[PDB]
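[1] mind folding the following:
(6 chains)
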Amino acid sequence: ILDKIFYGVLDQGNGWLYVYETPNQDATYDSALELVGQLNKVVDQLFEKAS
Amino acid sequence: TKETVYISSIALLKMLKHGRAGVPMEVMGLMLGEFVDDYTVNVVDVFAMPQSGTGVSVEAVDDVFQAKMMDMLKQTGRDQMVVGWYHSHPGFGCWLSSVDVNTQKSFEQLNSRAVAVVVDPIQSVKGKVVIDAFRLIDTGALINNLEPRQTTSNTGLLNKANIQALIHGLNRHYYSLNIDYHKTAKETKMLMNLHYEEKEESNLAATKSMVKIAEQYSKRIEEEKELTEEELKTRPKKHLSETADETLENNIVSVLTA
Amino acid sequence: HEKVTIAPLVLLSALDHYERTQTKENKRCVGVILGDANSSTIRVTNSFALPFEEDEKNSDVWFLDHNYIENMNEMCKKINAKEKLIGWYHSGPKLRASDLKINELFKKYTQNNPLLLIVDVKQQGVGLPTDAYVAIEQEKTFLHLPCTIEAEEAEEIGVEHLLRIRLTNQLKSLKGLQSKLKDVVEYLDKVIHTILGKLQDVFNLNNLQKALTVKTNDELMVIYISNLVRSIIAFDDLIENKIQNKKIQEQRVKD
Amino acid sequence: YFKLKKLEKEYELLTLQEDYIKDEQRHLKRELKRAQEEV
Amino acid sequence: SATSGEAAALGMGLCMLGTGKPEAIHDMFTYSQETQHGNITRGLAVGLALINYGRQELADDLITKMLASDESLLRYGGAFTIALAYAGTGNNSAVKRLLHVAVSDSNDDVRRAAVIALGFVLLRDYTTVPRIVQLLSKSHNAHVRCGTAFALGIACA
Amino acid sequence: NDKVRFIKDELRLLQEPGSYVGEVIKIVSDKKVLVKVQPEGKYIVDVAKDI
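    Residues are numbered from 1 along each chain as shown, chains lettered A, B, ... in the order given. Now the structure:
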């Protein structure tokens, strides 16, 4: 489970196994977060030389 | 001098299609319509003449095939006689050759009001058809020396070389003209059919983009990230603005599906 | 299915023959189409006209010229040798019961299944009211095919010379709803078969659209998220221009 | 009173030039389509 | 007959100057659409402007009917009706009509008749004439720029 | 508005034959410069009135 070979989850109370593994979605978080970091450095060069 | 030559909307589409037979092979076809005095040439219907290996010469005209087709056009509602013929000169300007002078002269005894039109479909791809006409002289407004062709206006001579040098000196087989088009109220909506039949195609393109909505925005966001680094390393905006325009069209239109 | 494409040269040819043949009192003008039906997309690059006269009180009297069929062979074949007769067209808004007998006359000249083209001369519709039908073995039925506009150098040049989103579709959806509504009203008045079979197909396939609303809004917010990251970029093309315009103003003051 | 009504007509003259430019800016985009595509 | 019909249309319009007869407004407008001659139809459209002289807002009935038609000749004479009726003392609503025709119709002659008519409505004050003309002098459509030259040759001449 | 006049007037610039390419070799007191064209030979033309 922690090695990320097969995503799953156990139950140690009753001795069972539930559903865990689910896929991801692109163009939402990972794609948008990388754009925020790039646009933050570009805007810093705008007002710097504007004054 | 100049005059006003009216051409129907249906005649322009047929002349451009006839000139598509071939670029090196010149095409020629007849026309139909009426006249108002000597200052108005009305072009209503056009005729398509068969091809000839002589390159549009005086001997390339067949009067037997002409008489058989014009008699059949009377049953189709054509009461107008032949107002002239059009000859395509692709790749060159608007001018008359030595063959066109001898060819047009042979029709002076038949119809003295005939018009020789020079169309250039190669240079017409810009959205405006470059075309010129040349008419014989039936006189009656002229005789020796007079001033026919009322309402001289719009453009000048232009054309290319030969027929531009002499205008009022020799008016017989060549002189400059203008082109005009007259359309009615019903003919306006005829060309408006380009844009619920087309409504199905609007939602059809949305069906393919419905499963691809994740793949379409994946390429747009990753492209805006690469263009952002190029703007930061410049210390451009043209390539970045083009990507945002495609994203705007893929968003609002996609909302319209709901 | 196959596709049908009508060039604007054929469109204006059929629409002009209304006033040329002096057609009035709700009559029709029967023409002829020339194209290549061998491919999957039927494209008609040429069209002509034929004399047609039919009585209003008598549907068994119609005139057709079969001699003009042989006259175009001595002309078109000497220019374009690839032009053949794939069918004919009509200038009437709606077809009549006489079109079944017209197919018997043109079946000998046509080398394939004749095409039935309908062109509305009133121009009272939205978009492209021109429709096409293909007569096959049912006895016989007419299979409809979508009609498009030919895009070529021999057309668009003349179109652009003479002449020069959802709101349009809203008026198109009203035509489909009012067509089925008026058909039921006329049916109940004349009484108290293929329409009744296909009518319930729409009703059972918009209350059903509300079950996916939970999954519908999942991708709708992504559109606004895509506009949010784009909105920040929109200011990047503005503020940058303001900085460039400010440097231009500083040069104009010193002038 | 005479000079007071002169200012009211000046506001209409500014409106005539303002309403025409707002309409012209939208029609210039139509001429750009006939320009870059034709040349 | 287009030769004898062209001069026959302008002869009736010269007698309708000033007030004239309102019955000739609908007669010349109806027979203009039923004539297939260019010179006769153009002569009737120009004659409609000469019927209403100094009418100002009273000519709006003819202005609307001429601008509603799709004929390039009828739309051309519509600008002359505003020029003659609103000549001298003008109105803010008459200038807006001349500006909308120049940006709507694609005819280079109709667009030229709009800027020429702007000189007759400004005859009240010759000081504000060059303020309007200077904006149309640098524009496109050289056919329109040819009419803007007479704009200073009408009022301030 | 200027973009409309610049594009329509470009037809005169496109139909213009253009200009050749050469290099300066020597000058004289007559205000005539010797221009050496790379494919062609040398030519003596008149200098511009601006410089």
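
[2] C-alpha from now on. contacts and neighbour counts both.
    Will do.

[3] and the nearest residue to residue B:194 once chain neighbours are set aside, bridged to which residues?
    In space, and not counting its chain neighbours, residue B:194 is closest to residue C:149: 6.4 Å by Cα to Cα, 6 or more residues apart in numbering or on different chains. Taking DSSP bridges, one obtains residue C:6 as the residues bridged to residue C:149.

[4] check the gap between residue C:149 and residue B:3 for me.
    Counting by Cα to Cα, to the nearest Å, the separation of residue C:149 from residue B:3 is 36 Å.

[5] for residue C:105, same thing?
    Distance of residue C:105 to residue B:3, given as Cα to Cα: 49 Å.

[6] looking at those two, which one has more neighbours?
    residue B:3 (21 against 11; other Cα atoms under 10 Å in any protein chain shown).

[7] wouldn't that one be in contact with residue B:175 here?
    No: in this structure residue B:3 lies outside contact range of residue B:175 using Cα atoms under 8 Å: 11.0 Å.

[8] what sits closest to the closest residue to chain E within chain A if chain neighbours are left out?
    Closest approach of chain A to chain E (Cα to the nearest Cα) occurs at residue A:50, with a separation of 33.8 Å. What sits nearest to residue A:50 in space, not counting adjacent residues and going by Cα to Cα, 6+ apart, is residue C:243, at 5.8 Å.

[9] same check, this time on residue E:120
    residue E:87 (4.7 Å).

[10] which of the three states applies to residue B:149?
    coil (DSSP: H, G, I helix; E, B strand; the rest coil).

[11] that one: neighbouring residues, count only.
    16.

[12] backbone phi and psi for the closest residue to it other than its chain neighbours, please?
    Nearest residue to residue B:149, sequence neighbours excluded (Cα to Cα, 6+ apart): residue B:39, at 4.4 Å. Phi and psi for residue B:39, reported as degrees, to the nearest 10, are phi -100, psi 0.

[13] show me the contacts for residue B:39.
    By Cα atoms under 8 Å, 6 or more residues apart in numbering or on different chains, the contact list for residue B:39 reads B:3-4, B:148-150.

[14] what about 6 Å?
    B:3, B:149-150 (Cα atoms under 6 Å, 6 or more residues apart in numbering or on different chains).

[15] and those residues, which is closest to chain F?
    Nearest member of these to chain F, counting by Cα to the nearest Cα, is residue B:3, at 25.8 Å.

[16] just list the residues touching the closest one, thanks.
    B:39, B:149, B:151-152.

[17] please report how far the residue of chain A closest to chain E lies from residue B:203.
    From residue A:50 to residue B:203 the distance is 47 Å (Cα to Cα).

[18] cool, residue C:87 as well?
    Applying Cα to Cα to residue C:87 and residue B:203 gives a distance of 31 Å.

[19] and those two? which has more neighbours close in?
    Higher neighbour count among residue C:87 and residue B:203: residue C:87, with 25 against 14, using other Cα under 10 Å.

[20] my read: the more buried one touches residue C:115, true?
    Yes: here residue C:87 reaches residue C:115: they are 4.5 Å apart, a contact under Cα atoms under 6 Å.

[21] need the residues touching each of the two.
    Counting by Cα under 6 Å, 6+ apart, nothing touches both residue C:87 and residue C:115.

[22] now the helices: where do they sit in the stretch 1-150 of chain B?
    Taking DSSP state H, counting those that start in this stretch to define them, one finds helices in the stretch 1-150 of chain B at B:9-18, B:63-73, B:98-106.

[23] list the contacts of the residue in chain D that chain B sits nearest to.
    Proximity of chain D to chain B (Cα to the nearest Cα) peaks at residue D:38, 4.3 Å away. With contact set as Cα under 6 Å, 6+ apart, residue D:38 has these partners: residue B:126.

[24] what about 7 Å?
    B:126-127 (Cα atoms under 7 Å, 6 or more residues apart in numbering or on different chains).

[25] try residue E:94
    Residue E:94 sits next to residue E:82 when contact means Cα under 7 Å, 6+ apart.

[26] gap between residue B:174 and residue F:10?
    30 Å.

[27] would you mind listing what in the stretch 151-255 of chain C touches chain B?
    Within reach of chain B by Cα under 7 Å from any Cα of the partner chain, the stretch 151-255 of chain C has these residues: C:154-155, C:157-161, C:166, C:169, C:172-173, C:223, C:230, C:237.

[28] most neighbours of all those, which one?
    residue C:158 (28 neighbours).

[29] can you tell me the helix or strand for that one?
    helix C:156-163 (DSSP states H and E).

[30] how about that helix, does it get close to chain D?
    No: judged by Cα under 7 Å from any Cα, helix C:156-163 and chain D are separated, with a smallest distance of 9.6 Å.

[31] got the CA positions of that helix in PDB?
    The C-alpha trace of helix C:156-163 is given here as PDB (Å, rounded to 0.1, in the frame of the first residue of the first chain):
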ATOM      1  CA  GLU C 156     -16.800  31.300 -53.100                       C
ATOM      2  CA  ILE C 157     -15.200  33.900 -55.400                       C
ATOM      3  CA  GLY C 158     -18.600  34.800 -56.800                       C
ATOM      4  CA  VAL C 159     -20.300  34.600 -53.400                       C
ATOM      5  CA  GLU C 160     -17.800  36.900 -51.700                       C
ATOM      6  CA  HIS C 161     -17.900  39.300 -54.600                       C
ATOM      7  CA  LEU C 162     -21.700  39.800 -54.700                       C
ATOM      8  CA  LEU C 163     -22.200  39.900 -51.000                       C
END
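
[32] can you pull the buried residues of the helix or strand following it?
    Toward the C-terminus, helix C:156-163 is succeeded by helix C:166-191 as the next helix or strand (DSSP H and E). Under the neighbour-count criterion of 16 or more other Cα atoms under 10 Å in any protein chain shown, helix C:166-191 has C:169, C:172 buried.
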